[PDB]
Amino acid sequence: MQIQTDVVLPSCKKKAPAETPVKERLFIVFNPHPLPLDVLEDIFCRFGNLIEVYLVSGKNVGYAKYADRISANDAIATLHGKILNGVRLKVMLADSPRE
DNA sequence: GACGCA
């Protein structure tokens, strides 16, 4: 669906198959509150090769898992610092969950 | 602004 934003977004793309191995994960910070899950998938699928987006309940953060590094880096370049549906995003390479 | 609710 159309996103309320003045950012020029690519068209929606198919997600990657669910069992595709992750090649890059993004860390997302929301201000002032998180976006709905279906809206987040809408935004992040447009860069291609999206596996899934998920949220951390009770916090203003989420993650986006990509099957392709170029797609994930395009999401960073296009979305970091922008306002989508009234929410300012920070989008960056995530720290690994473990050593 | 940090590790996937009820």
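The chains referred to below are lettered A, B, ... by the order of the sequence lines, with proteins before strands, and numbering in each begins at 1.
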**Student:** How long is the straight-line distance from NE2 of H33(A) back to CZ of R88(A), given to the nearest 0.5 Å?
**Tutor:**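 Here the rounded value is 13.5 Å.
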**Student:** Taking for each residue the nucleotide of DNA chain B with the nearest heavy atom, is it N60(A) or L55(A) whose nucleotide lies nearer the 5' end?
**Tutor:**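 Closer to the 5' end of DNA chain B: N60(A).
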**Student:** Going from CG on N49(A) to NZ on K15(A), what distance comes out if it is rounded to the nearest 0.5 angstrom?
**Tutor:**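 Reported value, rounded in 0.5 Å steps: 13.0 Å.
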**Student:** Hey, which sits more toward the 5' end of DNA chain B by its nearest nucleotide, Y54(A) or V29(A)?
**Tutor:**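 Nearest nucleotide further toward 5': that of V29(A).
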**Student:** Name the one of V56(A), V53(A), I28(A) that satisfies side chain to side chain contact (heavy atoms under 4.5 Å, CB included) with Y63(A)?
**Tutor:**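 Option passing the side chain to side chain contact (heavy atoms under 4.5 Å, CB included) with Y63(A): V56(A).
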**Student:** Looking at every non-hydrogen atom in both residues, tell me the closest pair between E24(A) and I76(A) and how far apart they are.
**Tutor:**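 Reported closest heavy-atom pair: OE2-CD1, 4.1 Å.
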**Student:** Contact class for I28(A) (heavy atom, under 4.0 Å): base, sugar-phosphate, or nothing?
**Tutor:**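 Nothing, no heavy atom under 4.0 Å.
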**Student:** Assign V61(A) to base, sugar-phosphate, or nothing according to its heavy-atom contacts below 4.0 angstrom with the strands shown.
**Tutor:**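 If one applies the 4.0 Å heavy-atom cut-off, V61(A) turns out to touch the sugar-phosphate alone, with no base involved.
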**Student:** Checking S57(A) against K59(A): is there a side-chain donor and acceptor pair closer than 3.5 Å?
**Tutor:**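 No, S57(A) and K59(A) have no side-chain donor paired with an acceptor closer than 3.5 Å.
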**Student:** If you look at every strand shown and take non-hydrogen atoms under 4.0 Å, does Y63(A) touch a base, only sugar-phosphate, or nothing?
**Tutor:**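 Base contact - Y63(A) has a heavy atom under 4.0 Å of at least one base atom.
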**Student:** Mind listing the closest non-hydrogen atom pair of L89(A) and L35(A) along with its distance?
**Tutor:**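 Looks like CD2-CD1, 4.4 Å.
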**Student:** Please find the earliest and latest nucleotides of DNA chain B, in the 5' to 3' direction, that have an atom within less than 4.0 Å of any heavy atom of chain A.
**Tutor:**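 Result: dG1(B) to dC5(B).
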**Student:** Test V91(A) against every option in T78(A), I43(A), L26(A) by the side chain to side chain contact (heavy atoms under 4.5 Å, CB included) rule and name the one that passes.
**Tutor:**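 Passing option: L26(A).
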**Student:** Look up atom OG in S96(A) and atom CZ in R25(A), then write down how far apart they are to the nearest 0.5 Å.
**Tutor:**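 Spacing of OG (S96(A)) from CZ (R25(A)) equals 7.0 Å.
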**Student:** Return the residues of residues 92-99 of chain A meeting this criterion: a heavy atom under 4.0 Å from some atom of DNA chain B. Order them by number, or give none.
**Tutor:**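 Only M92(A), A94(A), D95(A), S96(A), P97(A) qualify.
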